[PDB]
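Following: one structure in structure tokens, then a few remarks.
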There are 2 protein chains.
Amino acid sequence: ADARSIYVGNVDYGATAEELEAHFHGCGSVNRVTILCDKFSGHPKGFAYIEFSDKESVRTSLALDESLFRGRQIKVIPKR
Amino acid sequence: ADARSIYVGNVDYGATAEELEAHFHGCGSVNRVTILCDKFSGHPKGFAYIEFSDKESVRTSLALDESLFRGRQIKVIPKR
């Protein structure tokens, strides 16, 4: 599961799983979206895990590193 | 951390951490909100963890079991 997952940095407290899936939908079938937020107002502090159905989607999704999601650049790496 | 946490059942793919914190804000200071979704369209399938700053907020938050959040009744229990 972690081998089929990416970490997505710079995700805010207004993000939804539907929005995240929609951002990564072209990379492959998504199994689970986990959003983790440590701030709920003011400057955001959080990230997400996207778990793809197939391992191959992970490499594909790396092209979305630095993409704009909800008005800010996201960091995309394989889940550490 | 798990001793300071609740499981929140029946959370949809349109929920945000800010909305969840706002629902539980009266129970005590929140440290982290984790949203976990297995469906991103159609009938939702997901849940959340709310990690409170203080253990005492967990018992308090149990009163919000069956409360309406985003138009549906949520299930609130101490994180298993």
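Following the order of the structure tokens, first chain is A, next is B, and so on, with residues numbered from 1 inside each chain and ligands from 1 in the order they appear.
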
Expected answer as a ChimeraX atom specification: helix (DSSP H, G or I) residues in chain A: /A:2-4,17-27,56-64

With chain B as the partner and 10 Å as the cut-off, tabulate the residues of chain A that qualify, each row holding the nearest pair of atoms and their distance in Å to one decimal, using only C-alpha atoms, sorted by chain and rising number, as CSV.
residue,atom,partner,partner_atom,distance
A:12,CA,B:17,CA,8.5
A:13,CA,B:17,CA,5.0
A:14,CA,B:16,CA,5.3
A:15,CA,B:16,CA,5.8
A:16,CA,B:14,CA,5.3
A:17,CA,B:13,CA,5.0
A:18,CA,B:40,CA,4.8
A:19,CA,B:14,CA,8.0
A:20,CA,B:40,CA,9.0
A:21,CA,B:40,CA,6.7
A:22,CA,B:40,CA,8.5
A:30,CA,B:38,CA,8.5
A:31,CA,B:38,CA,6.1
A:32,CA,B:38,CA,4.7
A:33,CA,B:37,CA,5.4
A:34,CA,B:36,CA,4.5
A:35,CA,B:35,CA,5.1
A:36,CA,B:34,CA,4.5
A:37,CA,B:33,CA,5.4
A:38,CA,B:32,CA,4.7
A:39,CA,B:32,CA,7.4
A:40,CA,B:18,CA,4.8
A:41,CA,B:18,CA,7.0
A:46,CA,B:32,CA,9.2
A:47,CA,B:34,CA,9.9
A:48,CA,B:34,CA,9.1
A:49,CA,B:36,CA,9.4
A:51,CA,B:38,CA,9.7

DSSP on the backbone, strand (DSSP E or B) only: what residues of chain B does that give? Format it as a list in words. residues 5, 6, 7, 8, 9, 30, 31, 32, 33, 34, 35, 36, 37, 46, 47, 48, 49, 50, 51, 52, 68, 69, 72, 73, 75, 76, 77 and 78 of chain B

Of the candidates A:43, A:24, A:72, A:78, which one gets nearest to residue 59 in chain A if we count only C-alpha atoms?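 Smallest distance to residue 59 in chain A is found for A:78.
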
So that I can see what lies close to residue 56 in chain B, please list as an MDAnalysis selection string the residues with an atom at most 12 Å from it, counting only C-alpha atoms and leaving out residues fewer than 2 positions away in the same chain. chainID B and resid 3:6 27:30 51:54 58:62 78

My list of candidates is A:45, A:10, A:25, A:75. Which is closest to residue 57 in chain A when distances are computed with only C-alpha atoms?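 Between A:45, A:10, A:25, A:75, the residue approaching residue 57 in chain A most closely is A:25.
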
Write out as a list in words each polymer residue whose atoms come within 10 Å of residue 64 in chain A, counting only C-alpha atoms; drop sequence neighbours fewer than 5 positions from it.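 Result of the neighbour search: residues 8, 23, 24, 27, 69, 73, 74, 75, 76 and 77 of chain A.
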
Selected residue of minimal separation from residue 79 in chain A among A:26, A:11, A:65, A:50, counting only C-alpha atoms: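 Result for the nearest residue to residue 79 in chain A: A:50.
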